[PDB]
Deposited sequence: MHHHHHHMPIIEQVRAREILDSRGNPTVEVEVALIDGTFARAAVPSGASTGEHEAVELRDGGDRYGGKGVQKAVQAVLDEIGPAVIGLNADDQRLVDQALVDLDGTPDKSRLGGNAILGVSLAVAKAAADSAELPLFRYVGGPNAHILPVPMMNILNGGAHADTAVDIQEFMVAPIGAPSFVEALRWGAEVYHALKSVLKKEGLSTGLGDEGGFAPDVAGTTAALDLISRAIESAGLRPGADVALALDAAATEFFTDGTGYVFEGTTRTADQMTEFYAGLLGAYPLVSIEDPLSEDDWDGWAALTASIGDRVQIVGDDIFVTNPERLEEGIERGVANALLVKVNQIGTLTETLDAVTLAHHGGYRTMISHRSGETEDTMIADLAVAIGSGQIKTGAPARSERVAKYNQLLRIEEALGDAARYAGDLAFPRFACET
C-alpha cells in the first residue's frame, strides 16, 4: 500500500551551509523517500520556518523542526495512504494549527508534504513528474538562468537577477548547453575585462547600471555564437521592493519606473520582468500592467509570495500576468498545486523557482514539468545544487522519449 509507516527527520546543511530539514518517509509497501527543504531567506505573508535560535549554527538550527517531525507530524501521518496527497497535506496543515504554519514549522510541514509525494510516486512506479502531473505532463521548461547577480546581493546595479532564457533551442538538452556555453562565454568576457567569483546561485558579481548588465550579456551571447532574442532571450527579477515614502532608485516613481522598463523592453529582447514596482504597491502593478502588459511577461515574486489569497486579488485586481512559484513559501504540495491550478484556470503563466539556500534535491525539476509551467528558474549553470535540477531535467527529457516537448518560444508568446 501507499500507507505511511515511518516519518523520520534529519538536520542537514543547504547550499549556503546552513541547517535545514530532511524528511525520510517509509511507506508500508517498502518505499523509503528522502526530501529536503531550502530556507533561502522572508515576509509576514510567507510561511514561518521553525528555527532554533541560540548560538548553535548562528541561530539557524533546525532541531526543533526535526523534533517537531518525529514527535508530532510522524505519528499524525503514520498509517495513512501517501496517494491522498490532499488529505495528507490538509492533515499536516491542521495539526500545525496556525495561518503562518508557525507552530510545527513550514520547513517541517513541507518536508513531510514532499516526502509523501515522493513515496506516493515510487509506490505507483511513476517518475515524480509523471505521477504528480499525471501522464499528459511532457513540457520541459525554459531554463531561466541567473548569470549575473546584482543590487541587493554593492547596490550598484540595482537589478537583483539578470537571466539568460534559451527560448530558441530545439530541445531542453540544447537549451542547457546554450546556457552553459554562454555562462562560460561571459566568464571569458569578464576575465578579459577587469570585471569572476561566484554568487549564492552560481551567478557572477561593481557595475555601471542595468544597461551595463544587458550590454555585457548581449555580447556574451554573441561571443558564444548565439543570436540574442532568436536563440537566447533575456529577463530579470528587479525585486523592486528592494529599490524602495516613494522609494524608486534604479530616482523614479512607479509610472516613471514603468518608462525605465519600457526603455529596456524596446532594445533588449526581454521575455519576462520579475517583481517590478515593489510588493504591496498595487497601483504600480496596474500601471506596469497597463504600460508593458502585452510586450513583456510580468511575474510576481514577493508581491504574491506564492499565496493564493494574494494572487486571487492580483488576478481579480489585474496585477501581473504570471506567478513565481516557491513551494517553501506556501508549505504544502497540494496548496502549491492549487496555486498552479488557480493561476492556470485564470491563465497566468507559471515559473517554478528555487531559493538561495538550496539542496541536492531535484524535486523542483520534476515538479516544473508536471505542472507544465514551461519555465523554471533554478540558477546559473554553476553550483551543483543548481545544476542537479538541470541534470534531472536532462533525464526526464530522456525518460519522456518522443513524448517530450521543449516550451522554448511558446513559453513566452511576446517577443
- What stretches of this chain's deposited sequence are missing C-alpha coordinates? 1 to 7, 49, 162, 205, 216, 256 to 257, 264 to 266, 432 to 435
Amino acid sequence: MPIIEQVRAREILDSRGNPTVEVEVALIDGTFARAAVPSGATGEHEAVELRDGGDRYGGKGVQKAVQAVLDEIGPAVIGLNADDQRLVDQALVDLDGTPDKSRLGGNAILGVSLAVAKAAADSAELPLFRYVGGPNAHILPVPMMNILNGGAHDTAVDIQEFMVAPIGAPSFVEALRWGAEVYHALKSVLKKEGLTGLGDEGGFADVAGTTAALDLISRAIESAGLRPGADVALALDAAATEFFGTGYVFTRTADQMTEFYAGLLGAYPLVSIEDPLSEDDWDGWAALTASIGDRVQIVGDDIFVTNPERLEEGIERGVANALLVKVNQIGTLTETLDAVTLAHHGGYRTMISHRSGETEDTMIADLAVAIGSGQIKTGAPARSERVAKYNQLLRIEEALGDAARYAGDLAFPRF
From here on, numbers count along this sequence of modelled residues.
- Return whichever of 20 to 28 and 399 to 407 has the greater mean Cα B factor according to the PDB record. 399 to 407
- Query: In the PDB record, does 233 to 241 or 278 to 286 carry the higher mean Cα temperature factor?
  - Reply: 278 to 286
- Between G179, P75, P135, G197, which one tops the list for C-alpha B-factor in the PDB entry? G197
- Query: Whose CA atom has the top B-factor in the entry, of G106, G300, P143, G150?
  - Reply: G150
- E193's Cα B-factor: lowest, middle or highest third of the chain? highest
- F162: CA temperature factor from the record, placed by chain third, in the middle
- Message: Could you place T210 in the lowest, middle or highest third of its chain by Cα temperature factor, using the values in the record?
- Response: highest
- Lowest, middle or highest third - CA B-factor, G111: lowest
- Ranked C-alpha temperature factor of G374 among modelled chain residues, by third: middle
